[PDB]
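Given as structure tokens, the chain that follows is alone and in the form deposited in one PDB entry.
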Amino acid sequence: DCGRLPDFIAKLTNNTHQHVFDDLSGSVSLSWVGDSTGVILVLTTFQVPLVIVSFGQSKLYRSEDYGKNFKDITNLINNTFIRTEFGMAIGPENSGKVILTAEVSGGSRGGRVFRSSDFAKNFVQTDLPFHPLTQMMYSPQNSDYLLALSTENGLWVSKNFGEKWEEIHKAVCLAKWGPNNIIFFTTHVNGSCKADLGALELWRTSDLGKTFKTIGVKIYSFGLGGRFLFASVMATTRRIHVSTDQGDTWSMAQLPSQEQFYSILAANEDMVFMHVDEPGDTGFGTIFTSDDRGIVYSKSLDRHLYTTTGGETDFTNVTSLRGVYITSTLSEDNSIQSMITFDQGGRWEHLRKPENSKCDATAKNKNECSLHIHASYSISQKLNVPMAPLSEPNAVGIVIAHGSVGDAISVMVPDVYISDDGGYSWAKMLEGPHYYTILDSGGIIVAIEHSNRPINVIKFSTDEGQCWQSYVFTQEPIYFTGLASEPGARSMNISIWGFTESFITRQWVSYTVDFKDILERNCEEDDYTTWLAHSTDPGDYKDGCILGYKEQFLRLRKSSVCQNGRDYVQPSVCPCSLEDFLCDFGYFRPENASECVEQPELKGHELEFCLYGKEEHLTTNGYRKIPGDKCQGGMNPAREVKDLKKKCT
């Protein structure tokens, strides 16, 4: 049971610093700039259409002492304002780069940016030779490289952190940074980008506009994931093509029985999750997985729910436990259900419902108490879930997410559920929707109620979400607007901002809380327990095996109040079992089934597919080893990919 009253109020009251901002208009954004810099930026923005020239003044405040004091530096951005859609363009964590993209209050020949490379302590002003259509994008491999699309659909690039800009191509519809500062972009065949569905050209430049190469024609769309480049190509019908050499060579995606709607759910250096819409136009599709070449796919999960307008799904990478992914499917009776995989798409199981839930006490029927974990599918469906599932690799096994059972009331007002074993087991910890953040690599989790009333409570947990305490951080409740944490692995600082509205005018205020005094002592051996990740194959020899590697994790004991949450850790290999294999091309695991079985339609014919112009023949026991799985010994089904020395089809 939880430890009642380790007194925190005194240690938090003296570490809570309020700042009132007078006469702020528009939306107010707050952000920490850097780890251990002390810098917090507060900026007001305005919702103004791009084409409209209007007058306005954004306000800008800066703290250099961790939120205790703010200096008005609006004079730096005199006679400009920033649109809410743009906000701040903050570079990578250790770069110190911040860019404010603004519009001149009276109008001008182009936009105006304010550039800082010292954690927002000094800005320089630069007039753009164009009006930005969207926010400027940093190159992932070089924060000095910026690209921006103009309102004239021109592609502009800067090599020196936005100081000097050059237009490298006109009539561009979409542009994206690839790897090693490559730029991919689409261009017109004629008039409008909207009217030219399926007739765009995909272009590549590897030297920031000096030379170009057309890598695709008749393009519907394109995207990037992991080491893979994807393009939807119009033949009257759409097919998916994959490239792992930045478009020099393409191969059509090979799916058993490339369709009208596709989506890359996730992709890394090892594999691809691909969603393909079911024939006709229903609310569900199918998840396919590929090898590290991104070409040959196999059926992974049926009836995967997606929003027909936008393609969002509940697909969630559980980043706090290797190999774990969660998403939502439509059961046979059209109930929503959360499925979870612990082997990177090889096998999926129903998410387990909490034991002895309040739902179990009132449910007049089973399956009513199934737990649906809310993500982008719920959010796009306009449900009241203010945050997707939250996890981070440093906080091993911790997942925080909104969830609902099979009641309309629960769907309307989700609750916050906590998992400490990467999603295998869940407990309802907070009533109603919340905003939440992880600090101190999981040593501190904080949540704030999301409702119509003004709030004055911080809820926090120091034992990975098992026990919660409430801290009244003000006597004047605020309509909550934002929650922002200082970055860093050992973070203790968090800022809340919002406003009072006793009459018609909003008075904005920020509260910065330092949790330094709460976690005084360092955890010892009796403060932890040990746990092994869940395995779907039975046997003590298979407990704790993740993709062929057995490992052991710690977990803070319930009611713990201590720091030094050691990094959860000698590697050992497991024997091979079914959980270490995906189904092969043409095979699948029926719902609730452990073994792969050949899809019925292919039972008659030989399994063949196209691989870079060469037709291949597949003989298989129905299995192929999961990319990245270091399994050895045990079960080893056989497969052979024989080249037929023939052109495709």
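The term rigid core refers to the most C-alpha atoms you can superpose between the two forms while keeping them within 1.5 Å. For every residue, the number given is its place in the sequence shown, counted from 1.
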* Deposited-sequence gap flanked by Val569 and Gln570 -> 1 to 3
* Structure fact -> Residues of the deposited chain absent from the coordinates between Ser257 and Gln258 total 1 to 3
* To do: State which stretch shows the higher mean Cα B factor in the entry: 224-232 or 553-561.
  => 553-561
* On mean C-alpha B-factor from the PDB entry, just flag whether 258-266 or 390-398 is the higher one. => 258-266
* Structure fact -> Reading the B-factor column for Cα atoms of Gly285, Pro477, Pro140, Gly544, the highest value belongs to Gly544
* Asked: Going by the deposited entry, which of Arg112, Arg303, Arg239, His372 has the highest CA temperature factor?
  -> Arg239
* **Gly162 CA temperature factor, ranked by third within the chain** => lowest
* Structure fact -> Temperature factor at the Cα of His434, chain-ranked in thirds, falls in the lowest
* Asked: C-alpha B factor of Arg62, ranked within the chain: lowest, middle or highest third?
  -> lowest
* CA B-factor ranking of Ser29, expressed as a third of its chain -> lowest
* Please rank the C-alpha B-factors of the chain's modelled residues and tell me whether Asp72 sits in the lowest, middle or highest third. => middle
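One more form of this protein should be noted, the form deposited in another entry, which is absent from this view; the next part is about it.
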* Hey, after the core superposition between this form and the one not shown, which of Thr214, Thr529, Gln125, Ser451 has the C-alpha moving 2 angstroms or more? -> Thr529
